[PDB]
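Protein chains in written order, with the entry's author numbering: chain K, 5 to 54, 61 to 215; chain J, 2 to 146, 151 to 232; chain G, 411 to 458.
Take a look at the structure set out below.
The following block contains the structure:
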């Protein structure tokens, strides 16, 4: 396959290189694409003839020149080229450009009680959602009143938002019988040694 | 210029898969090599093949025993017919277009592989034998007291993915839709948060529009307030 | 409606007329070349 580095990061304002390499580059052109997590990949290097991007040829490789990076460019850059027989086209391993020293964003948490209808359909899926944090590392706990919960908790993983920060979700699957039973429900979320706790109830509002 | 896709969304084992990629609004279509590309959950991109209008269908070494790209240029659209679908084939599937630029003459090679500049938004192809389920939505009624917030819970759906927007498509500025959890039962569940303030919370009738793309069961459920 | 063609090699030096002793170079031709003609004749052979 075509050879890429796994990651080249850099501090904002400077130049980060992302190279491609392989067997067809001595006779074929090298194309480039950038994908944000789950987004559609973004073409950047095009087969022109016979603005912050550039790719430089050198024998058996082609080096991208990202001069002056920003948080918007924190994504995966896949190189691409055609075969020398042209019977196929292929991609590279994916270089995760990371923007160094981005600010440490605390967590933003929203906690909801089960709806009027769900407690009549015999489910109590509590909703504790987290937004606008950086980096991708959150530790979540669940407390019923002041006593933690063992079984019934599932959670997802950090996903990059529209603003280059990460977000995730958390749910607790209880019956309608175990939701009025206690006295309160508390969602607790650590981020780089900093946390928050939200308190709801089946008697407040 | 707009690429558009059409297909199932969930696939059975050892069964046949077929997808379409139609071309509405295009002035230079028959000049290019029309492609398909896929991707495992958060993994990399792999190339299947191209079909030029002239019927010279290029392909990938491994899928030689599985695929065949058709062309019904009447629209125009191009179609992929693939067999022997397994759980290892689960992932995103995007149709695309590898452009072919020319200056004058074809057979004397004055053209070149321009690139895959266009793609689809993506349709998941999760291979399983489980059941597709129309979603069940639940109001997350807002705080009573200005700024507040609210959302809507969508539970027990399969497979990926559910995508939404509020007010018939009027809120994509300061909006948050959150990931789905394939619950231990085997059904996904997610929610979507909208940043609505506190003032109009007395005369409106806000609706929340859900699309479970593989189940063809779109919903208008009024998310009524907190009594 | 359209046309067809044949691929042609650009040759400048030549030793034609079997004038054993003389080959030469045709000077370059500034600008794009074109030449039209009524195709008229043919030379060919057969088998046995």
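Ideal Cβ placement from N, Cα and C applies to all residues, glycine included.
Backbone CA spacing between residue i and residue j [nearest angstrom]
{"i": "residue 210 of chain K", "j": "residue 196 of chain K", "result": "7 Å"}
{"i": "residue 109 of chain J", "j": "residue 140 of chain K", "result": "59 Å"}
{"i": "residue 439 of chain G", "j": "residue 422 of chain G", "result": "10 Å"}
{"i": "residue 227 of chain J", "j": "residue 76 of chain K", "result": "48 Å"}
{"i": "residue 95 of chain J", "j": "residue 122 of chain K", "result": "36 Å"}
{"i": "residue 163 of chain J", "j": "residue 73 of chain J", "result": "32 Å"}
{"i": "residue 43 of chain J", "j": "residue 48 of chain K", "result": "20 Å"}
{"i": "residue 118 of chain J", "j": "residue 63 of chain J", "result": "25 Å"}
{"i": "residue 66 of chain K", "j": "residue 8 of chain K", "result": "14 Å"}
{"i": "residue 201 of chain K", "j": "residue 151 of chain J", "result": "28 Å"}
{"i": "residue 58 of chain J", "j": "residue 51 of chain J", "result": "6 Å"}
{"i": "residue 411 of chain G", "j": "residue 55 of chain J", "result": "17 Å"}
{"i": "residue 179 of chain K", "j": "residue 184 of chain J", "result": "6 Å"}
{"i": "residue 174 of chain J", "j": "residue 214 of chain J", "result": "8 Å"}
{"i": "residue 38 of chain J", "j": "residue 186 of chain J", "result": "26 Å"}
{"i": "residue 134 of chain K", "j": "residue 76 of chain J", "result": "49 Å"}
{"i": "residue 70 of chain K", "j": "residue 30 of chain K", "result": "6 Å"}
{"i": "residue 207 of chain J", "j": "residue 154 of chain J", "result": "15 Å"}
Buried or exposed by the 16-neighbour rule on C-beta atoms within 10 Å, applied to residue i
{"i": "residue 82 of chain J", "result": "exposed"}
{"i": "residue 456 of chain G", "result": "exposed"}
{"i": "residue 199 of chain J", "result": "buried"}
{"i": "residue 29 of chain J", "result": "exposed"}
{"i": "residue 19 of chain K", "result": "exposed"}
{"i": "residue 149 of chain J", "result": "Between 146 and 151 in chain J the model has nothing, and residue 149 of chain J is one of the residues in that span."}
{"i": "residue 54 of chain K", "result": "exposed"}
{"i": "residue 38 of chain K", "result": "buried"}
{"i": "residue 428 of chain G", "result": "exposed"}
{"i": "residue 82 of chain K", "result": "exposed"}
{"i": "residue 90 of chain K", "result": "buried"}
{"i": "residue 166 of chain K", "result": "buried"}
Option nearest residue i by Cα separation, candidates the options
{"i": "residue 125 of chain J", "options": "J:25, J:51, J:116, J:217", "result": "J:217"}
{"i": "residue 5 of chain K", "options": "K:25, K:11, K:15", "result": "K:25"}
{"i": "residue 15 of chain J", "options": "J:212, J:128, J:191", "result": "J:128"}
{"i": "residue 52 of chain K", "options": "J:2, J:101, J:53", "result": "J:101"}
{"i": "residue 17 of chain J", "options": "J:59, J:31, J:66", "result": "J:66"}
{"i": "residue 195 of chain J", "options": "J:179, J:137, J:91", "result": "J:137"}
{"i": "residue 42 of chain K", "options": "K:85, K:91, K:119", "result": "K:85"}
{"i": "residue 179 of chain J", "options": "J:201, J:190, J:185", "result": "J:201"}
{"i": "residue 21 of chain J", "options": "J:132, J:98, J:79", "result": "J:79"}
{"i": "residue 126 of chain K", "options": "J:123, J:49, J:143", "result": "J:143"}
{"i": "residue 130 of chain J", "options": "J:11, J:60, J:170", "result": "J:11"}
{"i": "residue 212 of chain K", "options": "K:187, K:198, K:206, K:203", "result": "K:187"}
{"i": "residue 148 of chain K", "options": "K:162, K:129, K:168", "result": "K:168"}
{"i": "residue 416 of chain G", "options": "J:141, J:60, J:107, J:84", "result": "J:107"}
{"i": "residue 61 of chain K", "options": "K:111, K:143, K:79, K:72", "result": "K:79"}
Start and end residues, beta strand (DSSP E) containing residue i
{"i": "residue 167 of chain J", "result": "167-171"}
{"i": "residue 86 of chain J", "result": "Where residue 86 of chain J is concerned, there is no enclosing beta strand (DSSP E), given that its DSSP letter is neither H nor E."}
{"i": "residue 120 of chain K", "result": "118-122"}
{"i": "residue 185 of chain J", "result": "Note, residue 185 of chain J: premise wrong, no beta strand (DSSP E); not H, not E."}
{"i": "residue 56 of chain K", "result": "Looking at chain K, the numbering goes 54 and then 61, which leaves residue 56 of chain K without any coordinates in this model."}
{"i": "residue 117 of chain J", "result": "112-120"}
{"i": "residue 196 of chain J", "result": "193-199"}
{"i": "residue 142 of chain K", "result": "134-143"}
{"i": "residue 113 of chain K", "result": "Looking at the DSSP string, residue 113 of chain K is not in any beta strand (DSSP E), and its letter there is neither H nor E."}
{"i": "residue 7 of chain J", "result": "3-7"}
{"i": "residue 67 of chain K", "result": "65-67"}
{"i": "residue 217 of chain J", "result": "212-217"}
{"i": "residue 163 of chain J", "result": "Careful: residue 163 of chain J lies outside any beta strand (DSSP E) and carries neither H nor E."}
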